[PDB]
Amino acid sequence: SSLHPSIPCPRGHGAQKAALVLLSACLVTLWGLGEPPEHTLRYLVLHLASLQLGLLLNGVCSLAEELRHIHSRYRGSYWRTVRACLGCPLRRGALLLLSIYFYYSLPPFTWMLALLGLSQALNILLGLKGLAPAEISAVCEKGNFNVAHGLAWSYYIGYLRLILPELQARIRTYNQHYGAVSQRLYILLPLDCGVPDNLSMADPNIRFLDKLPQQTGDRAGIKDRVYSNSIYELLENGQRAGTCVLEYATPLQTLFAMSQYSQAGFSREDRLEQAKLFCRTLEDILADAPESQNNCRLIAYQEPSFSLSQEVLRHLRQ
């Protein structure tokens, strides 16, 4: 993650290592207590059986609702709703049968089932089924259940994938008729999601020079949809120090606008997290993208002091 240190790296296997350490410590503790391994095995199996029964009860409770979306969300099939509510029915049934066998056999069952159902219903009604923020974040990053993922893939598929391949040609054509601009598209990634319309307001050293040859193409029923890129001059000590195609990442603006609107259910901490996730996902996409043949550079910064023109000049000279 060379963009900015504030970008979090993907979660690793620290939880599994801590779980292994905990398992070893618990085995050592059980050994020290002197309790026989048979009692430990029996009670552990009973605990796992109770967990499976709770899973079944919660799955039935969730099925009560999911059967209302059977046609809209599950193609009108009960089997798919069951599979979504409680995982694979075969595995769940096997585990439930084993639980019943090893509970009724190993040193009442209807009372235990009633108690577990009462506890599960209490958790459901009191809203105790909530998941911790870290668990939610891990699940979303694993399954890519993030707005930033879609925003990055739309920025690449919709704009970069169609602009980077035909950027050096435009820059050349511009140079032949004029200008000493670089041969890359520079994208600004403010982690604060500011994204002003005119760069001069962000830093008066950014001075617009002129446009590149517009790129026209049919897009989703829009005839001759136009892509335009502006050439900007970076000044140092009052004179010209650079000239480049510079632009802000548009999706970040959307993120900022999603935090303002209440209907979006989007907060400012969520805004920062999703901005950093967008930057990381975009960096990941461009690395394995044949379109980005070194034709683009990403500049991510966290506004503390500094100068945006200085950032661009440092990324240009170096």
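Only the largest set of C-alpha atoms that superpose within 1.5 Å between the two forms is called the rigid core. Don't overthink the numbering: it's just position in the shown sequence, from 1.
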property: Core-fitted comparison in 7 other deposited structures of this protein, 262-270 vs 52-60, farther C-alphas; result: 52-60
property: Which of 81-89 and 155-163 lies farther from this form in 7 other deposited structures of this protein, as RMS of C-alpha positions after a rigid core fit; result: 81-89
property: Residue 221 dropped from a third or more of the other entries of this protein; result: yes
property: Gap size between residue 103 and residue 102, counted in deposited residues that the entry leaves unmodelled; result: none
property: Gap size, residue 15 back to residue 14 (deposited sequence, no coordinates); result: none
